[PDB]
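*Asks:* Got a file for you: target-v4.cif, mmCIF, C-alpha atoms and all ligand atoms.
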data_coords
loop_
_atom_site.group_PDB
_atom_site.id
_atom_site.type_symbol
_atom_site.label_atom_id
_atom_site.label_comp_id
_atom_site.auth_asym_id
_atom_site.auth_seq_id
_atom_site.Cartn_x
_atom_site.Cartn_y
_atom_site.Cartn_z
ATOM 1 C CA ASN Y 2 -3.181 75.005 57.040
ATOM 2 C CA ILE Y 3 -4.029 72.159 54.631
ATOM 3 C CA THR Y 4 -3.382 68.434 55.054
ATOM 4 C CA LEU Y 5 -4.172 65.228 53.180
ATOM 5 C CA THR Y 6 -4.887 61.946 54.915
ATOM 6 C CA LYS Y 7 -2.904 58.823 54.061
ATOM 7 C CA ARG Y 8 -5.585 57.423 51.748
ATOM 8 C CA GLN Y 9 -5.997 60.833 50.092
ATOM 9 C CA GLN Y 10 -2.250 61.050 49.435
ATOM 10 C CA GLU Y 11 -2.421 57.655 47.733
ATOM 11 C CA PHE Y 12 -5.539 58.569 45.759
ATOM 12 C CA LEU Y 13 -3.858 61.757 44.537
ATOM 13 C CA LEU Y 14 -0.736 59.726 43.709
ATOM 14 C CA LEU Y 15 -2.637 57.081 41.721
ATOM 15 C CA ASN Y 16 -4.405 59.758 39.692
ATOM 16 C CA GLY Y 17 -1.070 61.421 38.995
ATOM 17 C CA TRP Y 18 0.346 58.100 37.830
ATOM 18 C CA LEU Y 19 -2.798 57.403 35.782
ATOM 19 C CA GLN Y 20 -2.260 60.593 33.772
ATOM 20 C CA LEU Y 21 1.404 59.678 33.306
ATOM 21 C CA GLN Y 22 0.737 56.076 32.278
ATOM 22 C CA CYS Y 23 -2.022 57.264 29.937
ATOM 23 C CA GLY Y 24 0.119 59.877 28.200
ATOM 24 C CA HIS Y 25 -0.905 63.101 29.962
ATOM 25 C CA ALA Y 26 2.481 64.133 31.332
ATOM 26 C CA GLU Y 27 1.546 67.717 32.179
ATOM 27 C CA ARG Y 28 -1.561 66.637 34.107
ATOM 28 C CA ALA Y 29 0.638 64.236 36.065
ATOM 29 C CA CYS Y 30 2.973 67.100 37.004
ATOM 30 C CA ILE Y 31 0.054 69.333 38.010
ATOM 31 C CA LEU Y 32 -1.435 66.684 40.308
ATOM 32 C CA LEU Y 33 1.875 65.518 41.779
ATOM 33 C CA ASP Y 34 3.086 69.081 42.412
ATOM 34 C CA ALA Y 35 0.077 69.524 44.701
ATOM 35 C CA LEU Y 36 0.815 66.191 46.386
ATOM 36 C CA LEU Y 37 4.464 67.102 46.975
ATOM 37 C CA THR Y 38 3.567 70.616 48.136
ATOM 38 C CA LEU Y 39 1.543 69.113 51.001
ATOM 39 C CA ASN Y 40 3.931 66.180 51.599
ATOM 40 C CA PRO Y 41 7.349 66.883 50.047
ATOM 41 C CA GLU Y 42 8.800 63.708 51.609
ATOM 42 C CA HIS Y 43 6.514 61.389 49.589
ATOM 43 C CA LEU Y 44 9.096 59.348 47.691
ATOM 44 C CA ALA Y 45 6.651 57.511 45.414
ATOM 45 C CA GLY Y 46 5.305 60.906 44.362
ATOM 46 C CA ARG Y 47 8.834 62.231 43.903
ATOM 47 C CA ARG Y 48 9.612 59.322 41.565
ATOM 48 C CA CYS Y 49 6.356 59.645 39.640
ATOM 49 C CA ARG Y 50 6.663 63.418 39.192
ATOM 50 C CA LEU Y 51 10.286 62.956 38.111
ATOM 51 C CA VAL Y 52 9.374 60.639 35.238
ATOM 52 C CA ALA Y 53 6.366 62.868 34.552
ATOM 53 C CA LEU Y 54 8.696 65.862 34.188
ATOM 54 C CA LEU Y 55 10.843 63.845 31.773
ATOM 55 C CA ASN Y 56 7.875 63.020 29.535
ATOM 56 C CA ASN Y 57 6.807 66.680 29.733
ATOM 57 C CA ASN Y 58 10.213 67.730 28.325
ATOM 58 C CA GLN Y 59 11.090 69.662 31.511
ATOM 59 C CA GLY Y 60 14.734 68.660 31.750
ATOM 60 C CA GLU Y 61 15.688 71.525 34.068
ATOM 61 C CA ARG Y 62 13.180 70.700 36.813
ATOM 62 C CA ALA Y 63 13.856 66.992 36.270
ATOM 63 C CA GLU Y 64 17.587 67.376 36.920
ATOM 64 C CA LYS Y 65 17.049 69.029 40.312
ATOM 65 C CA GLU Y 66 14.450 66.396 41.237
ATOM 66 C CA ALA Y 67 16.847 63.641 40.164
ATOM 67 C CA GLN Y 68 19.481 65.219 42.415
ATOM 68 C CA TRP Y 69 17.001 65.393 45.303
ATOM 69 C CA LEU Y 70 16.335 61.647 45.130
ATOM 70 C CA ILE Y 71 20.056 60.927 44.721
ATOM 71 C CA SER Y 72 20.613 62.827 47.977
ATOM 72 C CA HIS Y 73 17.723 61.452 50.067
ATOM 73 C CA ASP Y 74 17.829 57.926 48.568
ATOM 74 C CA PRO Y 75 21.244 57.101 47.045
ATOM 75 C CA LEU Y 76 20.697 53.331 46.950
ATOM 76 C CA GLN Y 77 18.023 53.392 44.226
ATOM 77 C CA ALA Y 78 19.636 52.962 40.807
ATOM 78 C CA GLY Y 79 16.629 54.448 39.000
ATOM 79 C CA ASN Y 80 17.578 57.900 40.299
ATOM 80 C CA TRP Y 81 20.659 58.076 38.068
ATOM 81 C CA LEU Y 82 18.671 56.860 35.061
ATOM 82 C CA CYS Y 83 16.355 59.836 35.570
ATOM 83 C CA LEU Y 84 19.318 62.202 35.935
ATOM 84 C CA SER Y 85 20.733 60.715 32.732
ATOM 85 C CA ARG Y 86 17.537 61.430 30.795
ATOM 86 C CA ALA Y 87 17.183 64.958 32.201
ATOM 87 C CA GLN Y 88 20.777 65.896 31.399
ATOM 88 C CA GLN Y 89 20.177 64.406 27.950
ATOM 89 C CA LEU Y 90 17.127 66.646 27.438
ATOM 90 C CA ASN Y 91 19.275 69.565 28.639
ATOM 91 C CA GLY Y 92 21.873 68.910 25.912
ATOM 92 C CA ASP Y 93 24.743 67.903 28.242
ATOM 93 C CA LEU Y 94 25.419 64.519 26.673
ATOM 94 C CA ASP Y 95 28.678 64.101 28.613
ATOM 95 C CA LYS Y 96 26.904 64.314 31.971
ATOM 96 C CA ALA Y 97 24.064 62.109 30.703
ATOM 97 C CA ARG Y 98 26.579 59.405 29.785
ATOM 98 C CA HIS Y 99 28.276 59.561 33.193
ATOM 99 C CA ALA Y 100 24.948 59.336 35.025
ATOM 100 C CA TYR Y 101 24.028 56.338 32.862
ATOM 101 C CA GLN Y 102 27.223 54.523 33.879
ATOM 102 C CA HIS Y 103 26.394 54.887 37.573
ATOM 103 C CA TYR Y 104 22.938 53.533 36.732
ATOM 104 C CA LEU Y 105 24.521 50.422 35.213
ATOM 105 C CA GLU Y 106 26.955 50.022 38.114
ATOM 106 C CA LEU Y 107 24.337 50.453 40.844
ATOM 107 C CA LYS Y 108 22.079 47.867 39.172
ATOM 108 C CA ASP Y 109 24.731 45.184 39.763
ATOM 109 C CA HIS Y 110 25.262 46.213 43.428
ATOM 110 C CA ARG B 45 24.568 45.676 21.711
ATOM 111 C CA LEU B 46 26.852 47.279 24.315
ATOM 112 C CA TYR B 47 24.273 49.301 26.231
ATOM 113 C CA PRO B 48 20.651 48.223 26.978
ATOM 114 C CA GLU B 49 19.134 51.580 26.044
ATOM 115 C CA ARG B 50 16.123 49.815 24.502
ATOM 116 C CA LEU B 51 15.082 48.948 28.084
ATOM 117 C CA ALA B 52 15.585 52.509 29.378
ATOM 118 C CA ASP B 53 12.044 53.723 28.696
ATOM 119 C CA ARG B 54 10.502 50.619 30.264
ATOM 120 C CA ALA B 55 12.744 51.052 33.316
ATOM 121 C CA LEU B 56 11.763 54.704 33.771
ATOM 122 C CA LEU B 57 8.035 53.924 33.753
ATOM 123 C CA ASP B 58 8.469 50.992 36.133
ATOM 124 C CA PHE B 59 10.433 53.381 38.365
ATOM 125 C CA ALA B 60 7.479 55.793 38.355
ATOM 126 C CA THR B 61 4.928 53.062 39.125
ATOM 127 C CA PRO B 62 3.741 53.296 42.755
ATOM 128 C CA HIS B 63 3.461 50.139 44.836
ATOM 129 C CA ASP B 74 -15.009 54.238 46.147
ATOM 130 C CA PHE B 75 -13.649 56.442 43.387
ATOM 131 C CA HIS B 76 -16.443 59.025 43.191
ATOM 132 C CA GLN B 77 -16.432 59.620 46.947
ATOM 133 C CA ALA B 78 -12.638 59.836 47.108
ATOM 134 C CA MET B 79 -12.484 62.301 44.210
ATOM 135 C CA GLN B 80 -15.129 64.571 45.751
ATOM 136 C CA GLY B 81 -13.202 64.485 49.029
ATOM 137 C CA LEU B 82 -9.854 65.358 47.473
ATOM 138 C CA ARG B 83 -11.359 68.201 45.448
ATOM 139 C CA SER B 84 -12.894 69.393 48.728
ATOM 140 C CA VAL B 85 -9.483 69.656 50.390
ATOM 141 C CA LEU B 86 -7.517 71.045 47.441
ATOM 142 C CA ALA B 87 -10.209 73.712 46.961
ATOM 143 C CA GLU B 88 -9.008 75.456 50.129
ATOM 144 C CA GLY B 89 -5.331 75.690 49.179
ATOM 145 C CA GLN B 90 -4.145 79.146 48.179
ATOM 146 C CA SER B 91 -0.757 78.174 46.722
ATOM 147 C CA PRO B 92 -0.499 78.029 42.917
ATOM 148 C CA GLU B 93 0.108 74.269 43.019
ATOM 149 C CA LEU B 94 -3.114 73.458 44.866
ATOM 150 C CA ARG B 95 -5.124 76.033 42.907
ATOM 151 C CA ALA B 96 -3.836 74.524 39.649
ATOM 152 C CA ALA B 97 -4.680 70.961 40.677
ATOM 153 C CA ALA B 98 -8.134 71.942 41.927
ATOM 154 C CA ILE B 99 -8.980 73.503 38.558
ATOM 155 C CA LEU B 100 -7.636 70.425 36.754
ATOM 156 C CA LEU B 101 -9.629 67.920 38.820
ATOM 157 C CA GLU B 102 -12.699 70.049 38.118
ATOM 158 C CA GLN B 103 -12.004 69.994 34.373
ATOM 159 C CA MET B 104 -11.743 66.186 34.439
ATOM 160 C CA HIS B 105 -15.024 65.891 36.377
ATOM 161 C CA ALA B 106 -16.912 64.561 33.353
ATOM 162 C CA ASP B 107 -14.251 61.830 33.019
ATOM 163 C CA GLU B 108 -14.612 60.231 36.471
ATOM 164 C CA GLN B 109 -16.129 57.029 35.087
ATOM 165 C CA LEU B 110 -13.388 56.758 32.468
ATOM 166 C CA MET B 111 -10.646 57.373 35.051
ATOM 167 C CA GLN B 112 -12.095 54.805 37.465
ATOM 168 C CA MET B 113 -12.573 52.265 34.686
ATOM 169 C CA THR B 114 -9.004 52.653 33.402
ATOM 170 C CA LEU B 115 -7.496 52.433 36.893
ATOM 171 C CA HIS B 116 -9.643 49.350 37.474
ATOM 172 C CA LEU B 117 -8.320 47.723 34.292
ATOM 173 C CA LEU B 118 -4.740 48.560 35.317
ATOM 174 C CA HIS B 119 -5.477 46.656 38.582
ATOM 175 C CA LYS B 120 -4.864 49.721 40.763
ATOM 176 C CA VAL B 121 -8.277 50.937 42.001
HETATM 177 CL CL CL M 201 -23.093 62.118 44.030
#
Mind converting the file's structure to structure tokens?
Ligand SMILES: [Cl-]
*Replies:*
Amino acid sequence: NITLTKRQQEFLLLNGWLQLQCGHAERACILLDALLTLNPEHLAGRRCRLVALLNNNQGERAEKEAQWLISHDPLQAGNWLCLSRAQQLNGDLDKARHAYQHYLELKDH
Amino acid sequence: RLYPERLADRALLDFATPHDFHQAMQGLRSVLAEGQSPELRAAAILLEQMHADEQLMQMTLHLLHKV
């Protein structure tokens, strides 16, 4: 049994974001996968890994992770923007356009 | 322009932005070193590979006003 403390979860999250912000998308996914294995309910890590998967050209994993956030947090408009990009990387431009519309609608509330 | 796609990339990276470094890194490596799953074993090897970059990582995070 393995656990991370609250400060350790944030330290692992900031390092995952650092690699993303600094253009190391795969390192971000590697670090944030470990974070979300030990705390799969960490939303900030879910969002960071999602955009990390997009920049790592992993549209398949990104689509499922965009769906996960749409399910467990449907109010956040940024979830549909991520689904739009993932479905775009997956070639389904029709779906990507529909997910982008819901992103525009949800931004206006 | 009809659609603000020029702001899409900036919006994605804002969406991903979350709201002592040496000691914290050595502590996290300590915990991840015991995980047997592939995810923890992959991240433990990565954090060990970036060990020579701790000062650079702390400096960059400090400039980004995060750590
Ligand atoms: Cl030391």
*Asks:* Residues contacting ligand CL 201 (chain M) - anything with an atom at most 12 Å away, using all atoms listed in the file - can you give me those as a ChimeraX atom specification?
*Replies:* /B:74-81,105,108
*Asks:* With a distance threshold of 6 Å and counting all atoms listed in the file, extract the residues of chain B near chain Y and express them as a list in words.
*Replies:*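 Result, ordered by chain then number: residues 60, 62, 93, 94 and 97 of chain B.
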*Asks:* Residues of the last selection are to be written out with C-alpha atoms, as a PDB file, keeping the file's coordinate frame.
*Replies:*
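Result saved to part-v9.pdb:
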ATOM      1  CA  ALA B  60       7.479  55.793  38.355  1.00  0.00           C
ATOM      2  CA  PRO B  62       3.741  53.296  42.755  1.00  0.00           C
ATOM      3  CA  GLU B  93       0.108  74.269  43.019  1.00  0.00           C
ATOM      4  CA  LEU B  94      -3.114  73.458  44.866  1.00  0.00           C
ATOM      5  CA  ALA B  97      -4.680  70.961  40.677  1.00  0.00           C
TER       6      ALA B  97
END
*Asks:* Kindly give the distance, in Å, that separates atom CA of residue Y:87 and atom CA of residue B:63, rounded to a single decimal.
*Replies:* 23.8 Å
*Asks:* In the coordinate frame of the file, compute which residues have an atom within 6 Å of (4.5, 67.4, 31.4) when using all atoms listed in the file, and state them as a PyMOL selection string.
*Replies:* chain Y and resi 26-27+30+53-54+56-57
*Asks:* Measure the distance from atom CA of residue B:116 to atom CA of residue B:57 in Å and round it to one decimal.
*Replies:* 18.6 Å
*Asks:* Take the PyMOL selection byres (((chain B and resi 49) around 12) and not hetatm), apply it to the structure above, and return the hits as a ChimeraX atom specification.
*Replies:* /Y:82,85-86,98,101-102,104-105 /B:45-48,50-56
*Asks:* Of the residues Y:65, Y:108, Y:40, Y:74, which is the one nearest to residue Y:88, using all atoms listed in the file?
*Replies:*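 For residue Y:88, the nearest of the given residues is Y:65.
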*Asks:* Can you measure atom CA of residue Y:96 to atom CA of residue Y:110 for me? One decimal in Å is fine.
*Replies:*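 Separation between atom CA of residue Y:96 and atom CA of residue Y:110: 21.5 Å.
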*Asks:* Once the PyMOL selection byres (((chain Y and resi 60) around 6) and not hetatm) has been evaluated on this model, what residues remain selected, and can you format them as a PDB file with C-alpha atoms, in the coordinates of the input?
*Replies:*
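Result file follows (expr.pdb):
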ATOM      1  CA  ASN Y  58      10.213  67.730  28.325  1.00  0.00           C
ATOM      2  CA  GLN Y  59      11.090  69.662  31.511  1.00  0.00           C
ATOM      3  CA  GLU Y  61      15.688  71.525  34.068  1.00  0.00           C
ATOM      4  CA  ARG Y  62      13.180  70.700  36.813  1.00  0.00           C
ATOM      5  CA  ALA Y  63      13.856  66.992  36.270  1.00  0.00           C
ATOM      6  CA  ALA Y  87      17.183  64.958  32.201  1.00  0.00           C
ATOM      7  CA  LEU Y  90      17.127  66.646  27.438  1.00  0.00           C
ATOM      8  CA  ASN Y  91      19.275  69.565  28.639  1.00  0.00           C
TER       9      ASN Y  91
END
